[PDB]
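Data first, discussion second: the structure below is written as structure tokens.
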Amino acid sequence: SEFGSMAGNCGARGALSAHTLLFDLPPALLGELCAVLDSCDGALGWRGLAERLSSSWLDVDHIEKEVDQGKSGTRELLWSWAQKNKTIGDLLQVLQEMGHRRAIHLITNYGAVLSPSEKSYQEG
């Protein structure tokens with residue numbers, strides 16, 4: 001089933017964030033990265049974000065598989081835990097390395113105020 005062919009590419013993106021949730025933060029991360037990078041043809045590299053993280057050596061095998069199913073490079077990486085289980089700041093560092101200009105544009109949808117982030121500098 002490796003390097004096979006299949007159909008099922010769909011997604012959503014817009015001015016309003018329909019992907020707003022605690023685990024699966026707004027389209028700034030999952031929505032934009034899975035949709036915009038899906039149409040990627042080496043310009044940004046579907047596996048470009050996943051490759052940098054290097055979660056697994058065999059990850060690239062499945063990357064080719066879901067690329068036609070709405071992205072596997074970034075989508076599979078985010079979908080590895082629950083839905084995304086990541087934060088905009090975490091992927092922002094990776095995005096900067098790759099140079100994803102479009103991602104930067106949509107990353108502003110997350111917001112810089114009232115965000116679900118904690119300092120985590122407390123002990124008890």
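By convention here, the chains of the structure tokens are called A, B, ... in the order presented, each chain's residues are numbered starting at 1, and ligands are numbered starting at 1 in the order presented.
Summary of the local environment: counting only C-alpha atoms, residues at most 12 Å from residue 39 (chain A), other than itself and those fewer than 2 positions away along its chain, are residues 9, 10, 11, 32, 33, 34, 35, 36, 37, 41, 42, 43, 44, 45, 46, 67, 68, 69, 70, 71, 72 and 73 of chain A.
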### Task
For residue 76 (chain A), list every protein, DNA or RNA residue within 12 Å, evaluated using only C-alpha atoms, and leave out those in the same chain fewer than 3 positions away; present the list as a ChimeraX atom specification.
/A:30,33-34,38,46-47,49-51,55-56,59-67,69-73,79-85
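Of the listed residues A:75, A:123, A:25, A:15, the one whose atoms come nearest to residue 87 (chain A) is A:25, with distances taken using only C-alpha atoms.
Nearest residue to residue 24 (chain A) among A:12, A:121, A:78, A:102 is A:78, counting only C-alpha atoms.
The smallest atom-to-atom distance between residue 109 (chain A) and any of A:53, A:29, A:92, A:21, using only C-alpha atoms, is found for A:29.
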